[PDB]
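Here's the structure we're looking at; comments come further down.
Along the sequence shown, residues carry numbers from 1. Because only heavy atoms are used, hydrogens play no part in the values below, and waters and symmetry mates are left out as well, while side chains stay in.
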Amino acid sequence: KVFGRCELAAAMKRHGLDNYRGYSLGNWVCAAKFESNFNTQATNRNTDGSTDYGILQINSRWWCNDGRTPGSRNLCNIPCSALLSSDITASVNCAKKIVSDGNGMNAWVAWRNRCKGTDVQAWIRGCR
Ligand SMILES: [Pt+2]
Ligand SMILES: [Pt+2]
Ligand SMILES: [Pt+2]
């Protein structure tokens with residue numbers, strides 16, 4: 001599924017991301033936009049043997065188990081394929097774990113580069 005901006009904002013708000021650990025909702029919309037272009041099926045296979053999966057491009061070395069990645073810790077306790085669903089719940093739940101395990105949103109390259117220091121509220125402005 002390729003979400004619209006306001007659609008995805010509403011789904012993320014229903015799953016409690018607004019002000020999660022002090023990150024406003026527009027941060028999370030912005031991260032997904034520059035990670036995956038709001039595409040739930042996005043994958044990126046890296047040269048190091050890990051793969052990034054889904055709308056927040058969660059990586060298989062630390063967070064999910066794909067059976068193909070050396071070193072994997074599976075800290076979100078999920079198969080990586082569960083992050084390729086049209087339903088964002090698994091991605092959201094895992095992201096919450098990523099930010100809590102002492103990581104900020106700096107964990108996401110795209111957030112650090114394309115969202116940090118910008119007006120992220122633009123990404124939800126005009127939505128209901
Ligand atoms: Pt939902
Ligand atoms: Pt829901
Ligand atoms: Pt949820």
Side-chain angles (χ1 to χ4, degrees):
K1 172 172 188 165
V2 189
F3 275 80
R5 170 178 71 88
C6 290
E7 188 188 15
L8 177 64
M12 286 179 155
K13 182 122 186 74
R14 289 199 283 280
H15 280 297
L17 281 182
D18 195 22
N19 201 33
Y20 184 87
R21 294 294 301 273
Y23 290 101
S24 63
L25 188 63
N27 284 287
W28 301 94
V29 179
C30 183
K33 165 64 179 173
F34 296 105
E35 293 287 351
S36 69
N37 222 55
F38 299 151
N39 191 343
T40 60
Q41 293 184 323
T43 55
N44 182 254
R45 193 172 170 103
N46 301 300
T47 59
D48 72 355
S50 64
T51 301
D52 311 313
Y53 288 93
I55 200 158
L56 289 169
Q57 289 290 275
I58 292 169
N59 183 268
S60 61
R61 183 181 308 272
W62 284 282
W63 306 110
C64 63
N65 182 25
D66 67 4
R68 292 186 282 281
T69 306
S72 73
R73 290 97 157 130
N74 192 14
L75 299 172
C76 286
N77 197 18
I78 50 162
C80 294
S81 64
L83 301 172
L84 302 176
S85 179
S86 55
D87 166 39
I88 69 169
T89 307
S91 285
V92 175
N93 287 347
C94 189
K96 289 175 184 172
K97 175 80 180 276
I98 292 170
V99 169
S100 299
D101 269 8
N103 315 287
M105 286 194 77
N106 264 298
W108 285 276
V109 179
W111 180 82
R112 191 181 69 89
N113 277 325
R114 317 289 310 259
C115 306
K116 182 181 169 181
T118 76
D119 174 20
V120 293
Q121 191 157 11
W123 286 104
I124 65 173
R125 193 185 294 138
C127 307
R128 58 163 169 268

Working for side-chain contact (heavy atoms from CB on, under 4.5 Å), residues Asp18 and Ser24: CA-CA 5 Å; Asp18 195 22; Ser24 63; 4.2 Å; yes

query: So how far is it from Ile55 CD1 to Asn37 CG, rounded to the nearest 0.5 Å?
result: 9.5 Å

- prompt: Under the criterion side-chain contact (heavy atoms from CB on, under 4.5 Å), which of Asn46, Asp48, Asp66, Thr51 is the partner of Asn59?
  reply: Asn46

message: Under a 3.5 Å cutoff, is there a donor and acceptor pairing between the side chains of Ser72 and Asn74?
response: no

task: For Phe34 and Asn113, run side-chain contact (heavy atoms from CB on, under 4.5 Å): C-alpha distance rounded to whole Å, both residues' side-chain angles, the deciding distance at 0.1 Å, then the answer.
output: CA-CA 9 Å; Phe34 296 105; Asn113 277 325; over 6 Å; no

statement: What one should report as the nearest heavy-atom pair of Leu56 and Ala95 is CD1-CB, 3.8 Å

query: How long is the span from the NZ atom in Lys96 to the CH2 atom in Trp28, to the nearest 0.5 Å?
result: 9.0 Å

field: Within 6.0 angstrom of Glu7 CD, more than 12 heavy atoms from elsewhere
entry: yes

query: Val109, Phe38: one ILVMFWY side-chain cluster at the under-4.5 Å cut-off?
result: no

query: Atom CG of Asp52 and atom CG of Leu83: how far apart are they, to the nearest 0.5 Å?
result: 11.0 Å

task: Mind checking the OG1-CZ spacing from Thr69 to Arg45? Nearest 0.5 Å is all I need.
output: 6.5 Å

task: Look at the side chain of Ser85 and the backbone N and O of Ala82, then say whether any donor-acceptor pair between them is shorter than 3.5 Å.
output: no

message: Between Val92 and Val120, is there shared hydrophobic-cluster membership here, with clusters defined by ILVMFWY side-chain heavy atoms closer than 4.5 Å?
response: no

task: Locate the shortest heavy-atom distance separating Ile88 from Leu8; write the atom from each residue and the value.
output: CD1-CD1, 3.9 Å

- prompt: For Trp108 and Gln57, what are the C-alpha separation, side-chain angles and deciding distance, and is it a side-chain contact (heavy atoms from CB on, under 4.5 Å)?
  reply: CA-CA 8 Å; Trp108 285 276; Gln57 289 290 275; 5.5 Å; no

- prompt: So, do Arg5 and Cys127 sit near enough that their side-chain heavy atoms are less than 4.5 Å apart?
  reply: yes

- prompt: Do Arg21 and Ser100 come within less than 4.5 Å of each other through their side chains, counting heavy atoms only?
  reply: yes

Inter-residue atom distance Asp87.CG - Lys1.NZ, 0.5 Å rounding: 9.5 Å

message: Looking at every non-hydrogen atom in both residues, tell me the closest pair between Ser36 and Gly54 and how far apart they are.
response: CB-O, 3.7 Å

- prompt: What do the steps show when you test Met105 against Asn27 for side-chain contact (heavy atoms from CB on, under 4.5 Å), and what is the final call?
  reply: CA-CA 9 Å; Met105 286 194 77; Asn27 284 287; 3.8 Å; yes

query: Crowded around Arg114 CZ? As in, over 12 foreign heavy atoms under 6.0 Å?
result: no

- prompt: Which pair of non-hydrogen atoms, one from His15 and one from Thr89, has the smallest distance, and what is that distance?
  reply: NE2-OG1, 3.0 Å

query: Do we see a donor-acceptor contact under 3.5 Å between the side chains of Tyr53 and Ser81?
result: no

message: So does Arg73 get a backbone contact from the side chain of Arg61, meaning a donor-acceptor N/O pair under 3.5 Å?
response: no

- request: Taking the side chain as every heavy atom from C-beta outward, state whether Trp63 and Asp101 have any atom pair closer than 4.5 Å.
  value: yes

field: Nearest non-hydrogen partners of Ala31 and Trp111, listed with the distance
entry: CB-CB, 4.3 Å

field: Stepwise disulfide (SG to SG under 2.5 Å) test for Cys76 and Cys64
entry: CA-CA 6 Å; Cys76 286; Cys64 63; over 6 Å; no

- prompt: Within a strict 4.5 Å, meaning less than it, do heavy atoms of the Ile78 and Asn93 side chains meet?
  reply: no

statement: Interatomic distance, CG@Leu25 vs CD1@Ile124, rounded to 0.5 Å, equals 5.0 Å

